[PDB]
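The structure under discussion appears below in the form of structure tokens.
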Amino acid sequence: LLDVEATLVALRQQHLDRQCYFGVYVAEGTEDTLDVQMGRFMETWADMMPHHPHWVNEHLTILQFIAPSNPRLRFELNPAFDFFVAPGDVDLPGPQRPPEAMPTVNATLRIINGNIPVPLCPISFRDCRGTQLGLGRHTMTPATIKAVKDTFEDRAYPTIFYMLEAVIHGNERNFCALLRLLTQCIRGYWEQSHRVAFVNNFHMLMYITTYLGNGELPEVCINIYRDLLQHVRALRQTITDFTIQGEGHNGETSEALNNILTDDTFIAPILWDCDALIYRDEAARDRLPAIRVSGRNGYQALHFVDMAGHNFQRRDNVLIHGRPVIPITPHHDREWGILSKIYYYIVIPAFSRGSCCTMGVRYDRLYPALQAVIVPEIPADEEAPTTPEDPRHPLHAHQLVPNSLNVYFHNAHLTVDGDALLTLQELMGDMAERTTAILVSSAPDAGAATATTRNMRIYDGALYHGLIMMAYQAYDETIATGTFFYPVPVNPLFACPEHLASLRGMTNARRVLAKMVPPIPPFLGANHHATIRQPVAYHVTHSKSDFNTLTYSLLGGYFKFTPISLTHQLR
Amino acid sequence: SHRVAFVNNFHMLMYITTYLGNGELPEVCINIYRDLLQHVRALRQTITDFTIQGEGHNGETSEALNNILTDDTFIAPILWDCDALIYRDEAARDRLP
Amino acid sequence: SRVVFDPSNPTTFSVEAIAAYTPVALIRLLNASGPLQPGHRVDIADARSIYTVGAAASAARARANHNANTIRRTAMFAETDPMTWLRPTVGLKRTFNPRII
Amino acid sequence: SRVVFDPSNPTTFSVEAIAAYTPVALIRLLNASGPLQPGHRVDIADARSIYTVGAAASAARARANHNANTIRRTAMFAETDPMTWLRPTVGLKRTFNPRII
């Protein structure tokens, strides 16, 4: 199945000319923050597209794909490989601009069986396989389904939640300290529209279930969170069930030998602590790994950062938010990563349906905004007011001044006391410098690692201290567009054709150009070299069957296509 | 009377959802408005779904070359601002207006 | 004085002195008989508009009186700040009561 | 004194002396006209960060004033105890009110 040397030779023999090497080229970072690189990528990818890509038209039926007019027909030879054309005599990654060279034929590997083009593997078959997988497994209740659907589809999500999650950056010493404000804000947001909040970050709902899991919240939101967690656990259990146990090669055992969601070499799209990188480098240790963190190769992890010395401008420095209880140590356990991968790659796409995006934050602009508190002095031997109608309350007009935090909270229409707002000063202990990008690369797994596939290499990008926005709206003039966030999406799945309006210097030409092809910078990964590819994105954005069935079909599609994983699946 | 109002103008329900979308109104009227907006967005998405993307002539894009609701030369029956006229004069620039 | 019978009499100069409620009472009690001999050859509807800007000025006086207890209003939109470089700027939803004390 | 017009004037040395609410009111009334002749050639955004650490100090001052009635907080996690051998240790959920008397 992996003797493609002769076929590649024969393809290179014949003369073929082609241009538009956008989705096949990978670059590196020039140590800018995110924005100069984003603008440069915008201008380049605008003026460097001579023709249209051939991997984007996946709407064709089987008849059209078979018809001899199909240009990409001659390259569909092996079901486990992808034959494309790329500029030859170049090394990946390389410079920022692709040097001019003669185009040659290159062939990557289809790691996932779901990467097969939709014209060959239809959507109805995937949905039927998913409903065959989910025979009697755990399902979700229509109440929770409707609630999370409304939360995902709502455009009135207050930016105060994004700001709070950003300043928390996923740390227990922050969560447990701000627990007083969080329960109040959650209950207030819920008892206005019957909607559950804080579904962006994975490291929020487990904290909710573990801490506020005794009756602080009403019996409904805790039940919704428990249902979501139970669905994730049932998915993981199914991954365990549908493979044979009792064998493991030099690398990982049957589990990540068969699937990807249980693989440590794979990383989540959002990183908050550096334990995943430790797990990644310590898991494989055989396939030659490489990490690019904004320039120099190799990351430098350090403990918590004080308030005085923050150094918003830095290079090759990653935080871990100290420790809740000298070398670095992993924060959480190993299955935490598996749960995060399952969540982010199944439940978020199945509900957002290609509407969510991922963006970066600006702490240099966020922190000066949150240091405006106008909580009033309480008289001695007196009680604090609870309702905001009296002037003593922080949410009163007597204490409402422009460009403060109380105006933010009033625009959000919430009710908070004083100690919760005061806890922000203790939150100011730990800090967040900036969000950054990571480009990891490794050889194929030992299941399909032969004498020629080792030369092939996979490339995927990820964000550190990033953000996931559900539904961006450019019709909110209460806050300037791009005041704290800027889109930097790197995925065929998490792409956002509309969130780009928040980026500075956007034209109608760029808008309609990005409306067709998903904008991904080359220094963050190419489509033909990444793991998740366009077929799965098209499937998740065009399939309309259900939510449970969609999740199970995506799970079934997330499977390897190696001659070893086949020994598990066929058995 | 259990009835929603301000349905004559299109520049009223968008403002309602953008501003009174936190809980100022009961959970029924805001839900009605959100449902209407969702239906509009669904029709808009259907228009894109029923056409082939990736080609455009000297005029507008595939969307307007195929359908009319996505065309800028066409104008709404009621206008409150003159941005539609700017968009119309800028979009075609070929057919003698 | 403001006598709408002779159209040369009513003007915004005098309406400012008149209160907000009294002109409504004034117009109601005046008779329909208007002397046709006096009349504005200057598009009498201007006197109608003159009556509008006069009523707007009378309403402006009543608000200034009411503003004794109201709260000063601010900008309801962003991007309006002298030095936005220090910190960002947000609007304000006018959902309060002007009652202070 | 803290005068944001001349960028050399505002420093955290003076912001600590200023209160919590008055600087917000202070920045509000200051005009947009900033003298372009004086200016920090030292990454003026450091003066922004200087403005942040100064505001943190002012907030710390107001917090210390509020702590007169606040209850002393403890550790919310286990494993943090001088002599764990005598008896185990647990955290504490901060779901109380600082009001004492």
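Labeling convention for the structure tokens: chains A, B, ... as they appear, residues from 1 per chain, ligands from 1 in order of appearance.
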
At a cut-off of 12 Å, can you tabulate as CSV every residue of chain C near chain B together with its closest atom pair and the distance in Å to one decimal, using only C-alpha atoms and ordering rows by chain then number?
```
residue,atom,partner,partner_atom,distance
C:76,CA,B:19,CA,11.4
C:77,CA,B:19,CA,12.0
C:91,CA,B:19,CA,11.6
C:92,CA,B:19,CA,10.7
C:93,CA,B:19,CA,8.2
C:94,CA,B:19,CA,10.8
C:95,CA,B:24,CA,9.5
```

Name all residues at most 10 Å from residue 60 in chain D (count only C-alpha atoms; drop same-chain ones fewer than 6 positions away) and give them as a VMD selection string.
(chain A and resid 422 425 to 426) or (chain D and resid 16 20 54 66)

Per residue of chain A within 6 Å of chain C, record the nearest atom pair and its distance in Å to one decimal, counting only C-alpha atoms, with rows in chain order and ascending residue number, as a Markdown table.
```
| residue | atom | partner | partner_atom | distance |
| --- | --- | --- | --- | --- |
| A:368 | CA | C:87 | CA | 5.9 |
| A:369 | CA | C:87 | CA | 5.6 |
| A:403 | CA | C:89 | CA | 5.5 |
| A:478 | CA | C:77 | CA | 4.9 |
| A:479 | CA | C:78 | CA | 5.4 |
```

Residues within 7 Å of range 208-225 of chain A, only C-alpha atoms, excluding chain neighbours under 4 positions, as a PDB file with N, CA and C atoms, in the first residue's frame:
```
ATOM      1  N   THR A 144     -31.295  20.439  26.980  1.00  0.00           N
ATOM      2  CA  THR A 144     -29.897  20.842  26.857  1.00  0.00           C
ATOM      3  C   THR A 144     -29.552  21.183  25.417  1.00  0.00           C
ATOM      4  N   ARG A 187     -25.690  33.110  37.149  1.00  0.00           N
ATOM      5  CA  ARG A 187     -27.107  33.078  37.495  1.00  0.00           C
ATOM      6  C   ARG A 187     -27.844  34.272  36.906  1.00  0.00           C
ATOM      7  N   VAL A 196     -27.108  29.210  28.929  1.00  0.00           N
ATOM      8  CA  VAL A 196     -25.930  28.849  29.708  1.00  0.00           C
ATOM      9  C   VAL A 196     -24.713  29.541  29.110  1.00  0.00           C
ATOM     10  N   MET A 204     -13.416  25.475  31.685  1.00  0.00           N
ATOM     11  CA  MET A 204     -14.383  26.220  32.476  1.00  0.00           C
ATOM     12  C   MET A 204     -15.500  25.340  33.008  1.00  0.00           C
ATOM     13  N   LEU A 229     -20.788  16.767  29.819  1.00  0.00           N
ATOM     14  CA  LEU A 229     -19.650  15.969  30.256  1.00  0.00           C
ATOM     15  C   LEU A 229     -19.906  14.481  30.043  1.00  0.00           C
TER      16      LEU A 229
END
```

Give me, please, the distance in Å between CA of residue 557 in chain A and CA of residue 520 in chain A, quoted to one decimal.
23.3 Å

Check range 498-554 of chain A with DSSP on the backbone and list each residue it calls alpha helix (DSSP H), as a ChimeraX atom specification.
/A:508-516,534-542,548-554

Given only C-alpha atoms, how would the per-residue table for chain D near chain C read, listing every residue at most 7 Å away with its closest atom pair and distance in Å to one decimal, sorted by chain and number, as CSV?
```
residue,atom,partner,partner_atom,distance
D:31,CA,C:82,CA,5.7
D:32,CA,C:82,CA,4.0
D:48,CA,C:86,CA,6.2
```

Select, as a list in words, those residues of chain A with any atom no more than 6 Å from chain B (distances computed using only C-alpha atoms).
residues 156, 192 and 193 of chain A

Out of A:387, A:399, A:541, A:531, which residue has the shortest atom-to-atom distance to residue 21 in chain D when counting only C-alpha atoms?
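For residue 21 in chain D, the nearest of the given residues is A:399.
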
Which residues are near residue 18 in chain D? Cut-off 12 Å, only C-alpha atoms, ignore same chain within fewer than 6 positions. Put them as a list in words.
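Contacts, in chain order: residues 1, 2, 10, 11, 12, 24, 25, 26, 51, 54, 55, 56, 57, 58, 59, 60, 61 and 62 of chain D.
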
Could you turn the residues from that selection into a file that holds N, CA, C and O atoms, as a PDB file, in the first residue's frame?
```
ATOM      1  N   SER D   1       2.667  66.561  39.924  1.00  0.00           N
ATOM      2  CA  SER D   1       1.287  66.140  39.713  1.00  0.00           C
ATOM      3  C   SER D   1       1.151  65.324  38.432  1.00  0.00           C
ATOM      4  O   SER D   1       2.042  65.331  37.583  1.00  0.00           O
ATOM      5  N   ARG D   2       0.028  64.625  38.299  1.00  0.00           N
ATOM      6  CA  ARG D   2      -0.237  63.787  37.130  1.00  0.00           C
ATOM      7  C   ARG D   2      -0.927  64.639  36.072  1.00  0.00           C
ATOM      8  O   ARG D   2      -2.107  64.976  36.203  1.00  0.00           O
ATOM      9  N   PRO D  10       2.812  62.241  34.018  1.00  0.00           N
ATOM     10  CA  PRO D  10       2.140  61.099  34.651  1.00  0.00           C
ATOM     11  C   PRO D  10       3.128  59.988  34.972  1.00  0.00           C
ATOM     12  O   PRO D  10       3.842  59.493  34.097  1.00  0.00           O
ATOM     13  N   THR D  11       3.164  59.601  36.244  1.00  0.00           N
ATOM     14  CA  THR D  11       3.984  58.486  36.690  1.00  0.00           C
ATOM     15  C   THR D  11       3.296  57.840  37.882  1.00  0.00           C
ATOM     16  O   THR D  11       2.491  58.470  38.572  1.00  0.00           O
ATOM     17  N   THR D  12       3.626  56.569  38.112  1.00  0.00           N
ATOM     18  CA  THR D  12       2.998  55.830  39.204  1.00  0.00           C
ATOM     19  C   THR D  12       3.315  56.434  40.564  1.00  0.00           C
ATOM     20  O   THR D  12       2.621  56.130  41.540  1.00  0.00           O
ATOM     21  N   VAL D  24     -10.399  58.549  37.134  1.00  0.00           N
ATOM     22  CA  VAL D  24     -11.344  58.340  36.040  1.00  0.00           C
ATOM     23  C   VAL D  24     -12.047  59.647  35.703  1.00  0.00           C
ATOM     24  O   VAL D  24     -12.154  60.033  34.532  1.00  0.00           O
ATOM     25  N   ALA D  25     -12.533  60.351  36.727  1.00  0.00           N
ATOM     26  CA  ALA D  25     -13.097  61.675  36.502  1.00  0.00           C
ATOM     27  C   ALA D  25     -12.043  62.647  36.000  1.00  0.00           C
ATOM     28  O   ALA D  25     -12.347  63.532  35.196  1.00  0.00           O
ATOM     29  N   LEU D  26     -10.797  62.492  36.454  1.00  0.00           N
ATOM     30  CA  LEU D  26      -9.723  63.358  35.979  1.00  0.00           C
ATOM     31  C   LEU D  26      -9.491  63.170  34.486  1.00  0.00           C
ATOM     32  O   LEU D  26      -9.518  64.139  33.718  1.00  0.00           O
ATOM     33  N   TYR D  51       0.631  53.582  33.966  1.00  0.00           N
ATOM     34  CA  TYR D  51      -0.721  53.953  34.367  1.00  0.00           C
ATOM     35  C   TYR D  51      -1.473  52.756  34.935  1.00  0.00           C
ATOM     36  O   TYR D  51      -2.308  52.910  35.834  1.00  0.00           O
ATOM     37  N   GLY D  54      -0.039  51.953  38.442  1.00  0.00           N
ATOM     38  CA  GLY D  54      -0.499  52.996  39.341  1.00  0.00           C
ATOM     39  C   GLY D  54      -1.944  52.803  39.746  1.00  0.00           C
ATOM     40  O   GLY D  54      -2.297  52.952  40.920  1.00  0.00           O
ATOM     41  N   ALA D  55      -2.805  52.463  38.783  1.00  0.00           N
ATOM     42  CA  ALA D  55      -4.202  52.194  39.100  1.00  0.00           C
ATOM     43  C   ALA D  55      -4.334  50.990  40.018  1.00  0.00           C
ATOM     44  O   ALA D  55      -5.212  50.952  40.887  1.00  0.00           O
ATOM     45  N   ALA D  56      -3.465  49.990  39.842  1.00  0.00           N
ATOM     46  CA  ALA D  56      -3.474  48.842  40.740  1.00  0.00           C
ATOM     47  C   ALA D  56      -3.127  49.258  42.162  1.00  0.00           C
ATOM     48  O   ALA D  56      -3.706  48.748  43.127  1.00  0.00           O
ATOM     49  N   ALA D  57      -2.184  50.191  42.311  1.00  0.00           N
ATOM     50  CA  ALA D  57      -1.828  50.676  43.639  1.00  0.00           C
ATOM     51  C   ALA D  57      -2.980  51.444  44.271  1.00  0.00           C
ATOM     52  O   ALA D  57      -3.251  51.293  45.469  1.00  0.00           O
ATOM     53  N   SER D  58      -3.669  52.270  43.483  1.00  0.00           N
ATOM     54  CA  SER D  58      -4.824  52.989  44.003  1.00  0.00           C
ATOM     55  C   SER D  58      -5.940  52.022  44.385  1.00  0.00           C
ATOM     56  O   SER D  58      -6.626  52.226  45.391  1.00  0.00           O
ATOM     57  N   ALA D  59      -6.135  50.969  43.589  1.00  0.00           N
ATOM     58  CA  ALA D  59      -7.129  49.961  43.935  1.00  0.00           C
ATOM     59  C   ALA D  59      -6.713  49.187  45.177  1.00  0.00           C
ATOM     60  O   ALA D  59      -7.560  48.799  45.990  1.00  0.00           O
ATOM     61  N   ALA D  60      -5.409  48.949  45.338  1.00  0.00           N
ATOM     62  CA  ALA D  60      -4.929  48.283  46.544  1.00  0.00           C
ATOM     63  C   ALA D  60      -5.162  49.147  47.775  1.00  0.00           C
ATOM     64  O   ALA D  60      -5.443  48.632  48.863  1.00  0.00           O
ATOM     65  N   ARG D  61      -5.049  50.468  47.620  1.00  0.00           N
ATOM     66  CA  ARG D  61      -5.309  51.368  48.739  1.00  0.00           C
ATOM     67  C   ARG D  61      -6.773  51.320  49.154  1.00  0.00           C
ATOM     68  O   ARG D  61      -7.086  51.237  50.347  1.00  0.00           O
ATOM     69  N   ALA D  62      -7.686  51.374  48.182  1.00  0.00           N
ATOM     70  CA  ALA D  62      -9.107  51.300  48.500  1.00  0.00           C
ATOM     71  C   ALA D  62      -9.465  49.945  49.090  1.00  0.00           C
ATOM     72  O   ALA D  62     -10.340  49.847  49.959  1.00  0.00           O
TER      73      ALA D  62
END
```

One decimal, Å: what's the distance from CA of residue 52 in chain C over to CA of residue 9 in chain C, could you say?
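One can read the CA of residue 52 in chain C to CA of residue 9 in chain C distance as 15.2 Å.
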
Between CA of residue 362 in chain A and CA of residue 305 in chain A, what is the spacing in Å?
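One can read the CA of residue 305 in chain A to CA of residue 362 in chain A distance as 17.0 Å.
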